[PDB]
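Quick heads-up: it's one chain on its own, the form deposited in one PDB entry, in structure tokens.
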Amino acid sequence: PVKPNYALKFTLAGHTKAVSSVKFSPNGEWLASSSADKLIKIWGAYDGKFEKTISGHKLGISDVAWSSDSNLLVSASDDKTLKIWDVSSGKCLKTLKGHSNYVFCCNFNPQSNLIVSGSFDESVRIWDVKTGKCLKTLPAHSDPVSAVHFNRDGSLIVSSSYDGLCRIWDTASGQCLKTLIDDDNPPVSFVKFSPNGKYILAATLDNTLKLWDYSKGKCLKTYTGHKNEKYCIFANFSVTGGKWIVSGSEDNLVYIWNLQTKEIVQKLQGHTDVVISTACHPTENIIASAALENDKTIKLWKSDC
């Protein structure tokens, strides 16, 4: 396919403040959302049907992430903690304490025995899921950490920060293996590995996404056309159909680029505030998007390709 044709299927209302993050469960059945309203909500991935609310954080939530078996969630909160949740029972299994300021980002490793987190306190922490203990504190950056992500076999962590750096860490040793420096260093507002783990996708607050070969330490692709100067917006690799890059934008649109040609192939209209988060379904051509305070809704979009 040369262009996808995503169309709005469902609009999911329920959060009473800005939505911060949406994530599809690895088994494809569910969507989790986090919000400034201190809640996690679970929704059906295919019908958008509200399932349940998970509560417990004392302040807003900035991020949520699924374990690989789709049975657990981890959330990152302004209350300086992460919480590990059993989704079926709703129970908080562990409260991960150690960060000294807002926790902004989180992720399980593929094995899901570890959680990585990034904080306003400028550190990256690695946690043991089963014990709830912090295993390593990495002196990762000199400004708030905007994103953290494990690669495909969990051996590496990538982190990004308003200090303008992306760094690659050895999970086991905690050593910094790579620092990515462009010809300039605008604040990096998001980063994640490509599915094959050979690239990293990095968002910067100069309306630019970049695809890096992080080993070579060189930029391969650049994506522009959207607006991103203020917020940390999630971006994605869409791989179920055509190979796209997907991102939210501060002009209330979802942007989709051809990964190879860097050309915009679709802009999804519907939201009425900044689209802060997008997620791509693991097996179907489905995108979830979520918006900030003036909108508060989550949208599910489906394409034939």
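For every residue, the number given is its place in the sequence shown, counted from 1. Throughout, rigid core stands for the largest set of C-alpha atoms superposing within 1.5 Å between the two forms.
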_Stretch farther from the shown model on average in 7 other deposited structures of this protein, with CA RMS computed after core superposition (211-219, 106-114)_ = 211-219
*Decide which of the stretches 243-251 and 60-68 has the higher mean C-alpha B-factor, going by the entry.*
243-251
*Got a sec? Mean C-alpha B-factor, which is higher, 143-151 or 183-191?*
183-191
*When the CA B-factors of 160, 81, 137, 119 are compared as recorded in the entry, which is the largest?*
137
_Out of 261, 277, 35, 236, whose C-alpha atom has the biggest B factor in the entry?_
261
*Using the B-factor values recorded in the entry, state whether the Cα atom of residue 268 falls in the lowest, middle or highest third among the modelled residues of its chain.*
highest
*Chain third (lowest, middle, highest) by recorded CA B-factor, residue given as residue 228*: middle
*Where does residue 289 sit by CA temperature factor within its chain: lowest, middle or highest third?*
lowest
*By the record's CA B-factor, is residue 199 among the lowest, middle or highest third of residues in the chain?*
highest
*Would you please rank residue 15 by its C-alpha temperature factor against the other modelled residues of its chain and give the third it falls in: lowest, middle or highest?*
middle
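The protein also exists as the form solved in complex with a small molecule; that form is not presented, and the subsequent description refers to it.
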*Which one of 49, 243, 267, 58 is close to the small molecule in the deposited bound form, taking close to mean a heavy atom within 4.5 Å?*
243
*asked:* Counting any non-hydrogen atom inside 4.5 Å, which residue from 89, 196, 185, 113 sits next to the small molecule in the deposited bound form?
replied: 196
*asked:* Please tell me whether the candidate spot formed by 96, 128 and 150 is one where all three residues come within 4.5 Å of the small molecule in the deposited bound form (heavy atoms).
replied: no
_Contact flag, residue 42 vs the small molecule in the deposited bound form, heavy atom cut 4.5 Å_ = no
*How about residue 280: is it within 4.5 Å of the small molecule in the deposited bound form, going by heavy atoms?*
no
_I'd like to know whether residue 30 contacts the small molecule in the deposited bound form, with contact meaning heavy atoms within 4.5 angstroms._
no
*asked:* Is it the case that residue 259, even though its partner is missing from this view, gets within 4.5 Å of the small molecule in the deposited bound form, heavy atoms only?
replied: yes
*asked:* Looking at heavy atoms inside 4.5 Å, which stretch does the small molecule contact in the deposited bound form, given the options 231-239, 130-138, 166-174, 67-75?
replied: 231-239
